[PDB]
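Participant: Quick one: the structure is below, questions incoming.
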Amino acid sequence: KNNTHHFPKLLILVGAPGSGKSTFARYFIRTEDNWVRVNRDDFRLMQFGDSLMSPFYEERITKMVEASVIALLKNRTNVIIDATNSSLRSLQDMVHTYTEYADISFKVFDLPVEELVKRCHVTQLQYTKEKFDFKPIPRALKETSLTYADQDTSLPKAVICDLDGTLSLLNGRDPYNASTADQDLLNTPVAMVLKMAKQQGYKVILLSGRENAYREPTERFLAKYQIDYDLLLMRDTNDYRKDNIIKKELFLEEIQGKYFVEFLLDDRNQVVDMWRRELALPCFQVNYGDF
Amino acid sequence: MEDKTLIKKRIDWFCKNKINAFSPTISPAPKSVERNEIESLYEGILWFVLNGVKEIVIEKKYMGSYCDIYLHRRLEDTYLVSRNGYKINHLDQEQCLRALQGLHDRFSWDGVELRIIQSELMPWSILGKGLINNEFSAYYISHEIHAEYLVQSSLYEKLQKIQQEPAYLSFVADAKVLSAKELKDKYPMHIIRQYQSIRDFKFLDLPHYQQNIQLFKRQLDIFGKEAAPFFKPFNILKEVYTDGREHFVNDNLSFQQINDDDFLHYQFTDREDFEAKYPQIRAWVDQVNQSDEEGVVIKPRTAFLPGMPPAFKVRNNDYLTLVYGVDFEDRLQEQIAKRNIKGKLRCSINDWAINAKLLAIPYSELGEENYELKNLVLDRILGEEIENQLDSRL
Amino acid sequence: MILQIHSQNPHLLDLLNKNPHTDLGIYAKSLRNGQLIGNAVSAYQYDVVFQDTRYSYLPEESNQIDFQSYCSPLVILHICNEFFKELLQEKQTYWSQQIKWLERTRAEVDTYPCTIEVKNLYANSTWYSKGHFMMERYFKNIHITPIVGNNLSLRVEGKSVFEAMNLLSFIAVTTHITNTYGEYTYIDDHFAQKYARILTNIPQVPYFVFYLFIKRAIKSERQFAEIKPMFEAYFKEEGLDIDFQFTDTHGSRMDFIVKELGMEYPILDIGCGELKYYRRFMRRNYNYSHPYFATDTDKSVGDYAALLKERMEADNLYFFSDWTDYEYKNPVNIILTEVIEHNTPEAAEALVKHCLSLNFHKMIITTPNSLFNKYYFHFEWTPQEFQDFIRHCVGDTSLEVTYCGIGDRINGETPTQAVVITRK
Ligand SMILES: Nc1ncnc2c1ncn2[C@@H]1O[C@H](COP(=O)(O)OP(=O)(O)OP(=O)(O)O)[C@@H](O)[C@H]1O
Ligand SMILES: Nc1ncnc2c1ncn2[C@@H]1O[C@H](COP(=O)(O)OP(=O)(O)OP(=O)(O)O)[C@@H](O)[C@H]1O
Ligand SMILES: Nc1ncnc2c1ncn2[C@@H]1O[C@H](CSCC[C@H](N)C(=O)O)[C@@H](O)[C@H]1O
Ligand SMILES: [Mg+2]
Ligand SMILES: [Mg+2]
Ligand SMILES: [Mg+2]
């Protein structure tokens, strides 16, 4: 080390109603330099209402709060956050959700209940059981501990390639109508992997989210660009379930336990997540997904 | 001002110092072209009565520097806060404490910790010398010298002679009565220049111009003299008890209590017996005027009414000779048209309304960790920043 | 403004270009709002008054209590170039010139001592911290009488009318450019080279006054270039070779350091309250691609580094206090623009020797010139002293050393010194 390196800050205001956290913040964002406030209550005011809502709404408000904080923290904007939360399951969670993006800090607002209900309510004390110790928590990463899955190394070496948008760019084509798929263009770098792949003992298995009905226009595309493959695995005709569901079935039924997958090449996120997160397998992501 | 980092400084300083009020701008009373009074005693009272304020006080208006006195029971540890937010500490702590026992002795400090009282620290030159010297005395002198010279010299005499000669007049006739941008050009401006420069000279009613300078000189000599420090206290803001509890006074009649055995004033002008009462109040403000004072201040009896300004000031014409020039007296119709107190009044109001909100924080809790205080100060400060851009003769 | 002129000379009124017979001896003309009246009250005495309606010399805007019209050095400045312009001609051109009705040349009629007085002048500056007026130090003919506050009255004495009148105008123009009118303190772009010659028409004005007038009154690089030779020619006549430069030593410096070092090598700033840093990304203009190193013993500077790293723009800024926290083992350009005399003396040799070990491509060092101090109104080296310092630490090695001074040059002496050590 030796070096200076700084990340934005997330300042979590922790405390009860009336305890003066929104007042501090109004002063704070007005005098400090690069700060944005995020209030949960202000959010559920776009949806019209007083500050408790449907477990539908509150789950959606969470989805938004988190997105925004991350959105900003990513932008190197400091974020103060008005935790009406106050618990521990909240706090520890809050910390999990955030620290990796920025340096967390805390500011408590304790205040005698005799004084607290004099900010005019509903006479209700909260879970203030001075826990956790509110020591600042610098940014932490957690994950360079990559651990795959214990696949039988007796089974024959094999790689796995997505077709749509990984070995075969659409070039305008309709995503769901892969009949016109012999016009498709080659993502040569992936093509080049599959080449050198089969130069070592590697079985090359094509696994695709195309209707099986479009098998023929596919085999055309493949032999047109001279792709040397072992299996061609395709989605059942009239299936239409999500990609990762039908690909995973395909994986477990066929590939699984019959081969030893050395890695996978794919494009869209939904699928990459499944491969990595559910099946615990190395998968390289070739372009950008987020379809 | 706006630099976050140094406003942050100023505020911190305000907190550490234990200051508990700021101050309001005070507006002139609204004008009356009718009465040809640029700030009108009448109008300012009427203004109040039509807004429901029917109990009012009228004090003399002291020509000094605004001073919030934080009177403690241990006189020795009192302090002073200026017009805006700052502690005043560059006066002889003795000379001051001495001028403050007068006031201190008018109270009983049993269970009383402190009494925030607003006053005028007198006289002007205690803080204003040199504003007095560099500006006012300078401006006076300039005119005095100039006037003297126009009296003693041959200039005015020689100009009135040429303004009779036959060559001249001929010019002023066949150029005022005849119109062309080349009514030939009687030698390269030569005489077009010279004869146009004369006549476009401003003669001055020399004894008037002197008497007017003398008015200004007079005014300066009332208020501008030095300077044994003393106080005119005019309202108690709050008292604070050792007890822990505080008392928000909110009564502008607290005056006769805290010094000023000076004549206050107090009418319950209810339901326009004002108009019947106005002429008395006028006659009285005239005494204060014919006395040697700046003028008067009109206040509601209840110091803080919601939406109400804190006061209208009504300075006399003679004194305003210090604000506008020597000829303010003459150019009245001009300068009245020119006057506009809306917005001055708008600030006057918010300032005073913030100030009550400030007083509301108990003394015991002024500190750096009180963010209701801090916002309120920053609020007031932004207000300062705005209200400073106004006529500045208000 | 009120201005009486005396002499016992019979042909005064002649010299001032005025006719005592014409309209009672008056000469009138509009000034601004307006009206300026010259007056022969006799020979031996001329009297200029300036009347005014309102706001001739201080913006109507200022809601102030205005009296500039009665005492601003500027009214004087006008009255000169509007009643007495030929009087302010030039040394040669004036003394050798006809008269309306010749009795020889000006050199014969204007030989009688002339006294000129101002009733009320206004000097709001360091140059009249009360008691006295600073040009009294440099001109024995100037006589001040305080009135009140920033106002005084002037009395100017001269051997000739030309000498007297050309001092009054020197007073007016120096007093004005050093004077604050407060928020309305302003100088038009045509000011220089309307008056810039007044500094040259009286004969012992110090260099500092010229510098002052350049930096406070010449708005445009274009216009500085047009006056530059008049100034310099004057100083030649007075026995000094002076270069003059628009930019101001500092920054004239900062300029030199930038153009010399260039952007192709990462900088190592040695003495830094950070200003050299900013300058090195003057927007994209210098597409500065390297990191940027800084050091300083100042705790204050140490902290400000980090106030830019918590974070504003300090992306490639690396700041260090211990010299073993600097580990960058590649080529660097290196800077010492004050530092060596600000203090830490002769450890100054330690510091620079340390630098010469560091893999660099080019060094620049800078110290005051000392031989320059005569020209104004923690040690300090003369160039011989400085050149000796460089010598006895760079010595016996194959380093290429090249000197030059930055800033105005007077007989080869600038106010700032600089070396450029280039490793081969
Ligand atoms: N130090 C103080 N002294 C007096 N009043 C205060 C102080 N601090 C805050 N208040 C007042 O208390 C009230 C509640 O404060 P605030 O709005 O900060 O509550 P909060 O903690 O944000 O509650 P919520 O969870 O509803 O946002 C406000 O009206 C504020 O003006
Ligand atoms: N009886 C009084 N009640 C209130 N204020 C008074 C009184 N007598 C004098 N004053 C002073 O008058 C001031 C307002 O009058 P004045 O016009 O002289 O002040 P100012 O410098 O213009 O201040 P501002 O611009 O804030 O009105 C107050 O700030 C206060 O200092
Ligand atoms: N031996 C040393 N090592 C590191 N820094 C030093 C030093 N000796 C002095 N300094 C620092 O160098 C700084 C120079 S101030 C120079 C500012 C800038 N170069 C300018 O043009 O004015 C001082 O703040 C001082 O604290
Ligand atoms: Mg795909
Ligand atoms: Mg006052
Ligand atoms: Mg001025």
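So you can find residues: chains in the structure tokens are A, B, ... in the order shown, residues in each start at 1, and ligands are numbered from 1 in order.
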Which of region 137-172 of chain B counts as helix (DSSP H, G or I) under DSSP, as a CSV table (one decimal) with C-alpha atoms, in the first residue's frame please?

Facilitator:
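part.csv, written as the output of this step:
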chain,number,residue,atom,x,y,z
B,137,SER,CA,-17.3,65.4,7.5
B,138,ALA,CA,-15.7,65.1,4.1
B,139,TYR,CA,-18.9,65.6,2.2
B,140,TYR,CA,-19.7,68.6,4.4
B,141,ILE,CA,-16.4,70.2,4.0
B,142,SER,CA,-16.4,69.9,0.2
B,143,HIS,CA,-19.6,71.9,-0.1
B,144,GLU,CA,-18.6,74.4,2.6
B,145,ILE,CA,-15.3,75.2,0.7
B,146,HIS,CA,-17.0,75.3,-2.7
B,147,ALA,CA,-19.8,77.5,-1.3
B,148,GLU,CA,-17.3,79.9,0.4
B,149,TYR,CA,-15.4,80.2,-2.9
B,150,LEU,CA,-18.5,81.0,-4.9
B,151,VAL,CA,-19.4,83.7,-2.4
B,152,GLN,CA,-15.9,85.4,-2.2
B,155,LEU,CA,-17.0,84.3,-10.8
B,156,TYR,CA,-20.7,84.8,-10.2
B,157,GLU,CA,-20.4,88.5,-11.0
B,158,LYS,CA,-18.6,88.1,-14.3
B,159,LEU,CA,-21.1,85.5,-15.4
B,160,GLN,CA,-24.1,87.7,-14.8
B,161,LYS,CA,-22.4,90.5,-16.8
B,162,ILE,CA,-21.8,88.3,-19.9
B,167,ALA,CA,-23.5,89.1,-28.4
B,168,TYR,CA,-24.9,86.7,-25.9
B,169,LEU,CA,-28.8,86.5,-25.8
B,170,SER,CA,-28.6,86.6,-29.6
B,171,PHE,CA,-27.2,83.1,-29.3
B,172,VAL,CA,-29.7,82.0,-26.8

Participant: Any chance you could tabulate, as a tab-separated table, the residues of chain C at most 12 Å from chain A with each one's nearest atom pair and distance in Å to one decimal, using only C-alpha atoms, in chain and rising number order?

Facilitator:
residue	atom	partner	partner_atom	distance
C:305	CA	A:4	CA	10.7
C:306	CA	A:4	CA	8.9
C:307	CA	A:6	CA	11.3
C:308	CA	A:6	CA	10.7
C:309	CA	A:6	CA	7.0
C:310	CA	A:6	CA	6.4
C:311	CA	A:6	CA	7.4
C:312	CA	A:34	CA	8.9
C:313	CA	A:76	CA	11.6
C:314	CA	A:6	CA	10.5
C:315	CA	A:5	CA	9.5
C:316	CA	A:4	CA	10.5
C:317	CA	A:4	CA	9.7
C:318	CA	A:4	CA	7.9
C:319	CA	A:4	CA	9.0
C:320	CA	A:3	CA	10.0
C:322	CA	A:2	CA	11.7
C:324	CA	A:2	CA	10.8
C:325	CA	A:2	CA	7.6
C:326	CA	A:2	CA	9.9
C:327	CA	A:2	CA	10.0

Participant: With C-alpha atoms retained, write the just-selected residues as a CSV table (one decimal), in the first residue's frame.

Facilitator:
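File produced: again17.csv:
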chain,number,residue,atom,x,y,z
C,305,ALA,CA,-3.9,18.1,-0.3
C,306,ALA,CA,-6.4,15.7,1.3
C,307,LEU,CA,-9.3,18.3,1.3
C,308,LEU,CA,-9.0,17.9,-2.5
C,309,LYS,CA,-8.9,14.1,-2.1
C,310,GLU,CA,-12.2,13.7,-0.1
C,311,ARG,CA,-12.9,14.5,-2.9
C,312,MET,CA,-12.8,17.2,-5.5
C,313,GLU,CA,-10.4,17.2,-8.4
C,314,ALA,CA,-7.2,15.5,-7.1
C,315,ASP,CA,-7.4,12.5,-9.3
C,316,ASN,CA,-3.7,12.0,-10.2
C,317,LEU,CA,-2.4,14.2,-7.4
C,318,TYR,CA,0.0,12.4,-5.0
C,319,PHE,CA,1.2,14.4,-2.1
C,320,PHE,CA,4.0,13.3,0.3
C,322,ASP,CA,8.5,12.2,4.2
C,324,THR,CA,11.0,8.1,1.4
C,325,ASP,CA,7.3,8.0,0.7
C,326,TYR,CA,8.3,9.1,-2.8
C,327,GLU,CA,9.0,5.9,-4.7

Participant: Give me, as a PyMOL selection string, the set of residues whose atoms come within 12 Å of any atom of ligand 5, counting only C-alpha atoms and all ligand atoms.

Facilitator: chain B and resi 25-26+60-67+82-83+119-125+127-128+223-224+232+293-297+313-315+319+323+393-394

Participant: Near residue 273 (chain A), within 12 Å and counting only C-alpha atoms, which residues show up once chain neighbours fewer than 2 positions away are dropped, as a ChimeraX atom specification?

Facilitator: /A:243-245,248,264,266-271,275-285,289-290

Participant: Taking only C-alpha atoms into account, what are the residues of chain B at most 6 Å from chain C, put as a ChimeraX atom specification?

Facilitator: /B:133-134,138-139,193-194,197

Participant: At a cut-off of 7 Å, list the chain A residues touching chain B, using only C-alpha atoms, as a PyMOL selection string.

Facilitator: chain A and resi 23-24+27+31-32

Participant: Could you list, as a PyMOL selection string, all residues that come within 10 Å of ligand 4? Count only C-alpha atoms and all ligand atoms.

Facilitator: chain A and resi 161-170+175+207-210+243+265-272+286-287+289+291

Participant: Restricting it to N, CA, C and O atoms, dump the selection as a short mmCIF file (atom, residue, chain, number, x, y, z; two decimals), in the first residue's frame.

Facilitator:
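Saved file out_8.cif follows:
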data_model
loop_
_atom_site.label_atom_id
_atom_site.label_comp_id
_atom_site.auth_asym_id
_atom_site.auth_seq_id
_atom_site.Cartn_x
_atom_site.Cartn_y
_atom_site.Cartn_z
N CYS A 161 -21.02 -23.04 -25.64
CA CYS A 161 -21.23 -21.74 -26.28
C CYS A 161 -22.68 -21.38 -26.58
O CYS A 161 -23.41 -22.17 -27.16
N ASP A 162 -23.08 -20.17 -26.18
CA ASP A 162 -24.38 -19.61 -26.56
C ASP A 162 -24.31 -19.29 -28.04
O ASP A 162 -23.23 -19.00 -28.56
N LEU A 163 -25.44 -19.34 -28.73
CA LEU A 163 -25.50 -18.97 -30.15
C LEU A 163 -25.95 -17.52 -30.30
O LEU A 163 -25.14 -16.65 -30.64
N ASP A 164 -27.23 -17.27 -30.04
CA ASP A 164 -27.82 -15.94 -30.18
C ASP A 164 -27.03 -14.89 -29.44
O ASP A 164 -27.04 -14.84 -28.20
N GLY A 165 -26.32 -14.06 -30.21
CA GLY A 165 -25.67 -12.88 -29.69
C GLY A 165 -24.38 -13.16 -28.96
O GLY A 165 -23.98 -12.38 -28.10
N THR A 166 -23.74 -14.28 -29.29
CA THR A 166 -22.45 -14.65 -28.69
C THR A 166 -21.50 -15.25 -29.72
O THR A 166 -20.36 -14.80 -29.81
N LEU A 167 -21.95 -16.24 -30.48
CA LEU A 167 -21.18 -16.78 -31.61
C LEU A 167 -21.83 -16.33 -32.91
O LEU A 167 -21.32 -16.57 -34.00
N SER A 168 -22.95 -15.63 -32.79
CA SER A 168 -23.81 -15.37 -33.94
C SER A 168 -24.58 -14.08 -33.72
O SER A 168 -25.69 -14.10 -33.18
N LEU A 169 -24.01 -12.95 -34.13
CA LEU A 169 -24.68 -11.67 -33.90
C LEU A 169 -25.86 -11.51 -34.85
O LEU A 169 -25.78 -11.91 -36.01
N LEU A 170 -26.93 -10.91 -34.34
CA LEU A 170 -28.22 -10.79 -35.04
C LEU A 170 -28.18 -9.98 -36.35
O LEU A 170 -28.84 -10.34 -37.33
N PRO A 175 -35.17 -11.10 -32.84
CA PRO A 175 -34.70 -11.98 -31.77
C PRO A 175 -35.44 -13.32 -31.68
O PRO A 175 -34.80 -14.37 -31.55
N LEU A 207 -25.18 -24.63 -27.19
CA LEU A 207 -26.39 -24.66 -26.38
C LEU A 207 -27.17 -23.38 -26.62
O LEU A 207 -26.69 -22.30 -26.26
N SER A 208 -28.36 -23.48 -27.22
CA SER A 208 -29.06 -22.28 -27.71
C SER A 208 -30.50 -22.13 -27.28
O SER A 208 -31.25 -23.11 -27.24
N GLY A 209 -30.90 -20.88 -27.03
CA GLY A 209 -32.26 -20.53 -26.67
C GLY A 209 -33.21 -20.32 -27.84
O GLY A 209 -34.27 -19.67 -27.71
N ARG A 210 -32.84 -20.88 -28.99
CA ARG A 210 -33.68 -20.90 -30.18
C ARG A 210 -34.70 -22.03 -30.16
O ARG A 210 -34.36 -23.16 -29.81
N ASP A 243 -35.19 -17.84 -20.80
CA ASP A 243 -33.95 -18.43 -21.30
C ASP A 243 -33.30 -19.34 -20.29
O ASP A 243 -33.08 -20.52 -20.56
N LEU A 265 -19.41 -19.69 -22.73
CA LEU A 265 -19.43 -18.36 -23.34
C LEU A 265 -20.87 -17.94 -23.63
O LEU A 265 -21.61 -18.68 -24.30
N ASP A 266 -21.28 -16.77 -23.13
CA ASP A 266 -22.67 -16.31 -23.23
C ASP A 266 -22.76 -14.78 -23.25
O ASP A 266 -21.78 -14.09 -22.96
N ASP A 267 -23.92 -14.24 -23.61
CA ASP A 267 -24.09 -12.79 -23.72
C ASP A 267 -25.00 -12.16 -22.65
O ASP A 267 -24.55 -11.32 -21.86
N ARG A 268 -26.26 -12.57 -22.62
CA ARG A 268 -27.24 -11.87 -21.79
C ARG A 268 -27.15 -12.22 -20.30
O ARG A 268 -26.93 -13.38 -19.94
N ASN A 269 -27.33 -11.20 -19.46
CA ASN A 269 -27.07 -11.31 -18.02
C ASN A 269 -27.84 -12.40 -17.33
O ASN A 269 -27.25 -13.16 -16.57
N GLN A 270 -29.14 -12.44 -17.59
CA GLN A 270 -30.05 -13.40 -16.96
C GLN A 270 -29.45 -14.79 -16.90
O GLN A 270 -29.56 -15.49 -15.89
N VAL A 271 -28.81 -15.16 -18.01
CA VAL A 271 -28.23 -16.48 -18.21
C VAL A 271 -26.89 -16.58 -17.53
O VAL A 271 -26.57 -17.60 -16.91
N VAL A 272 -26.09 -15.53 -17.63
CA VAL A 272 -24.77 -15.56 -17.03
C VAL A 272 -24.93 -15.77 -15.54
O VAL A 272 -24.26 -16.62 -14.94
N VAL A 286 -19.38 -12.49 -23.15
CA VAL A 286 -18.67 -12.04 -24.34
C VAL A 286 -18.87 -10.58 -24.73
O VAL A 286 -17.89 -9.86 -24.97
N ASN A 287 -20.12 -10.15 -24.84
CA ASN A 287 -20.40 -8.73 -24.99
C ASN A 287 -21.09 -8.18 -23.74
O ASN A 287 -20.83 -8.64 -22.63
N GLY A 289 -24.78 -7.70 -21.96
CA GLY A 289 -26.11 -8.28 -22.03
C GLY A 289 -27.19 -7.28 -21.69
O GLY A 289 -27.39 -6.29 -22.41
N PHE A 291 -30.43 -7.58 -21.80
CA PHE A 291 -31.64 -7.64 -22.60
C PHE A 291 -32.70 -8.01 -21.59
O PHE A 291 -32.46 -8.89 -20.77
#

Participant: Pick out the residues no farther than 7 Å from ligand 3, counting only C-alpha atoms and all ligand atoms, and list them as a PyMOL selection string.

Facilitator: chain C and resi 250+270-273+295-298+336-340+342-344+347-348+351

Participant: Just write the chosen residues, C-alpha atoms, as a CSV table (one decimal), in the first residue's frame.

Facilitator:
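Wrote it out as selection.csv, contents follow:
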chain,number,residue,atom,x,y,z
C,250,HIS,CA,4.7,35.8,-10.6
C,270,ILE,CA,8.5,20.8,-4.4
C,271,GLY,CA,7.0,23.9,-2.7
C,272,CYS,CA,3.2,24.0,-3.1
C,273,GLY,CA,0.1,25.7,-1.8
C,295,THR,CA,5.6,17.7,-1.2
C,296,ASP,CA,5.9,20.3,1.5
C,297,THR,CA,6.8,20.4,5.2
C,298,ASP,CA,3.8,22.7,5.9
C,336,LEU,CA,11.4,24.7,-6.8
C,337,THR,CA,9.9,28.1,-7.5
C,338,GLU,CA,10.2,29.7,-4.1
C,339,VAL,CA,11.0,27.2,-1.5
C,340,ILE,CA,14.8,27.5,-1.2
C,342,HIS,CA,11.1,30.9,2.0
C,343,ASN,CA,13.5,29.3,4.3
C,344,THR,CA,15.2,26.1,5.3
C,347,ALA,CA,19.6,22.5,4.0
C,348,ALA,CA,18.7,24.2,0.7
C,351,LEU,CA,17.3,19.5,-0.7

Participant: Please list as a list in words every residue within 8 Å of region 226-229 of chain A, counting only C-alpha atoms and excluding residues in the same chain fewer than 6 positions away.

Facilitator: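 Non-adjacent residues within range: residues 191, 194, 195, 198, 203, 204, 205 and 206 of chain A.
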
Participant: Could the residues in this selection be written to a file with N, CA, C and O atoms, as an mmCIF file, in the first residue's frame?

Facilitator:
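Dumped everything to part_31.cif:
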data_model
loop_
_atom_site.group_PDB
_atom_site.id
_atom_site.type_symbol
_atom_site.label_atom_id
_atom_site.label_comp_id
_atom_site.auth_asym_id
_atom_site.auth_seq_id
_atom_site.Cartn_x
_atom_site.Cartn_y
_atom_site.Cartn_z
ATOM 1 N N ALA A 191 -15.587 -17.313 -32.083
ATOM 2 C CA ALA A 191 -15.382 -18.363 -33.071
ATOM 3 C C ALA A 191 -13.975 -18.904 -32.925
ATOM 4 O O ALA A 191 -13.737 -20.107 -33.056
ATOM 5 N N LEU A 194 -13.631 -21.300 -29.967
ATOM 6 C CA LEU A 194 -14.158 -22.623 -30.298
ATOM 7 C C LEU A 194 -13.235 -23.411 -31.226
ATOM 8 O O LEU A 194 -13.243 -24.647 -31.220
ATOM 9 N N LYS A 195 -12.452 -22.690 -32.028
ATOM 10 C CA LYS A 195 -11.449 -23.310 -32.888
ATOM 11 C C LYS A 195 -10.388 -23.980 -32.035
ATOM 12 O O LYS A 195 -10.289 -25.209 -31.994
ATOM 13 N N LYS A 198 -11.344 -27.012 -29.792
ATOM 14 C CA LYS A 198 -11.356 -28.353 -30.387
ATOM 15 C C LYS A 198 -9.970 -28.811 -30.860
ATOM 16 O O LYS A 198 -9.791 -29.964 -31.244
ATOM 17 N N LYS A 203 -14.507 -31.257 -26.363
ATOM 18 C CA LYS A 203 -15.805 -31.296 -27.023
ATOM 19 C C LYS A 203 -16.390 -29.876 -27.012
ATOM 20 O O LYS A 203 -16.349 -29.174 -25.988
ATOM 21 N N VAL A 204 -16.906 -29.441 -28.159
ATOM 22 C CA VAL A 204 -17.551 -28.138 -28.258
ATOM 23 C C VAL A 204 -19.059 -28.328 -28.413
ATOM 24 O O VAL A 204 -19.540 -28.874 -29.406
ATOM 25 N N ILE A 205 -19.797 -27.890 -27.402
ATOM 26 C CA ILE A 205 -21.235 -28.072 -27.362
ATOM 27 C C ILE A 205 -21.933 -26.750 -27.561
ATOM 28 O O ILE A 205 -21.761 -25.815 -26.770
ATOM 29 N N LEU A 206 -22.732 -26.666 -28.611
ATOM 30 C CA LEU A 206 -23.550 -25.482 -28.786
ATOM 31 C C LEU A 206 -24.887 -25.608 -28.040
ATOM 32 O O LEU A 206 -25.634 -26.575 -28.220
#

Participant: Quick check, in Å to one decimal: how far apart do CA of residue 407 (chain C) and CA of residue 419 (chain C) lie?

Facilitator: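 So the two atoms, CA of residue 407 (chain C) and CA of residue 419 (chain C), lie 14.5 Å apart.
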
Participant: Running DSSP on the backbone, which parts of region 57-259 of chain A land in strand (DSSP E or B), as JSON, numbers by chain?

Facilitator: {"A": [78, 79, 80, 81, 103, 104, 105, 106, 107, 108, 109, 137, 157, 158, 159, 160, 161, 164, 168, 169, 185, 186, 203, 204, 205, 206, 207, 208, 209, 210, 211, 231, 232, 233, 234, 235]}

Participant: I'd like the contact shell of region 85-98 of chain B - 8 Å cut-off, only C-alpha atoms, skipping same-chain residues fewer than 5 positions apart - returned as number ranges by chain.

Facilitator: B: 14, 17, 19, 22, 75-76, 79-80, 228-230

Participant: Just to be explicit: take each residue in the selection above, keep N, CA and C atoms, and write the result as an mmCIF file, in the first residue's frame.

Facilitator:
data_model
loop_
_atom_site.group_PDB
_atom_site.id
_atom_site.type_symbol
_atom_site.label_atom_id
_atom_site.label_comp_id
_atom_site.auth_asym_id
_atom_site.auth_seq_id
_atom_site.Cartn_x
_atom_site.Cartn_y
_atom_site.Cartn_z
ATOM 1 N N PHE B 14 -21.006 31.857 15.876
ATOM 2 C CA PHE B 14 -22.259 32.334 16.456
ATOM 3 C C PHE B 14 -22.732 31.344 17.505
ATOM 4 N N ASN B 17 -20.347 31.230 20.740
ATOM 5 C CA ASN B 17 -20.477 32.503 21.472
ATOM 6 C C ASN B 17 -21.721 32.628 22.361
ATOM 7 N N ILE B 19 -25.109 33.179 21.280
ATOM 8 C CA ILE B 19 -26.012 34.229 20.831
ATOM 9 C C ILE B 19 -27.389 33.627 20.539
ATOM 10 N N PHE B 22 -30.952 37.475 16.468
ATOM 11 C CA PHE B 22 -30.149 38.187 15.509
ATOM 12 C C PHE B 22 -30.511 39.663 15.512
ATOM 13 N N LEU B 75 -22.600 41.073 36.659
ATOM 14 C CA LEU B 75 -22.448 42.120 35.643
ATOM 15 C C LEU B 75 -21.184 41.922 34.825
ATOM 16 N N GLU B 76 -20.116 41.559 35.518
ATOM 17 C CA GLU B 76 -18.795 41.425 34.928
ATOM 18 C C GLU B 76 -18.796 40.472 33.742
ATOM 19 N N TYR B 79 -22.162 40.443 27.958
ATOM 20 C CA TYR B 79 -21.543 40.773 26.672
ATOM 21 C C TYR B 79 -22.473 41.488 25.709
ATOM 22 N N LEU B 80 -21.904 41.878 24.566
ATOM 23 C CA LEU B 80 -22.578 42.700 23.565
ATOM 24 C C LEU B 80 -22.588 42.009 22.211
ATOM 25 N N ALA B 228 -18.555 59.454 25.366
ATOM 26 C CA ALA B 228 -18.497 58.609 26.533
ATOM 27 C C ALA B 228 -19.574 57.535 26.362
ATOM 28 N N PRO B 229 -19.175 56.252 26.270
ATOM 29 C CA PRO B 229 -20.091 55.135 25.974
ATOM 30 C C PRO B 229 -21.272 55.066 26.926
ATOM 31 N N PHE B 230 -22.481 54.998 26.388
ATOM 32 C CA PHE B 230 -23.648 54.715 27.197
ATOM 33 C C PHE B 230 -24.735 53.976 26.425
#

Participant: Let me have all residues with an atom within 9 Å of ligand 1, counting only C-alpha atoms and all ligand atoms, laid out as a PyMOL selection string.

Facilitator: (chain A and resi 13-26+39+41+51+82-85+109+116+118-120) or (chain B and resi 360-362+365-366+369-373)

Participant: Any idea what's packed within 10 Å of residue 212 (chain C), counting only C-alpha atoms, ignoring anything in its chain fewer than 4 positions away? Could you give it as a PyMOL selection string?

Facilitator: chain C and resi 174+177-178+207-208+216-218

Participant: Please list as a PyMOL selection string every residue within 12 Å of residue 380 (chain B), counting only C-alpha atoms and excluding residues in the same chain fewer than 4 positions away.

Facilitator: chain B and resi 1+7+11+21-25+84-85+347-358+373-376+384-387

Participant: For the atom pair CA of residue 267 (chain C) and CA of residue 380 (chain C), what is the interatomic distance in Å to one decimal place?

Facilitator: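 Taking CA of residue 267 (chain C) as the start and CA of residue 380 (chain C) as the end point, the length is 26.6 Å.
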
Participant: Nearest residue to residue 245 (chain C) out of C:144, C:227, C:114, C:87, using only C-alpha atoms?

Facilitator: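 Counting only C-alpha atoms, the residue closest to residue 245 (chain C) is C:227.
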
Participant: CA of residue 211 (chain A) to CA of residue 260 (chain A): how many Å, to one decimal?

Facilitator: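 For CA of residue 211 (chain A) relative to CA of residue 260 (chain A), the distance reads 25.8 Å.
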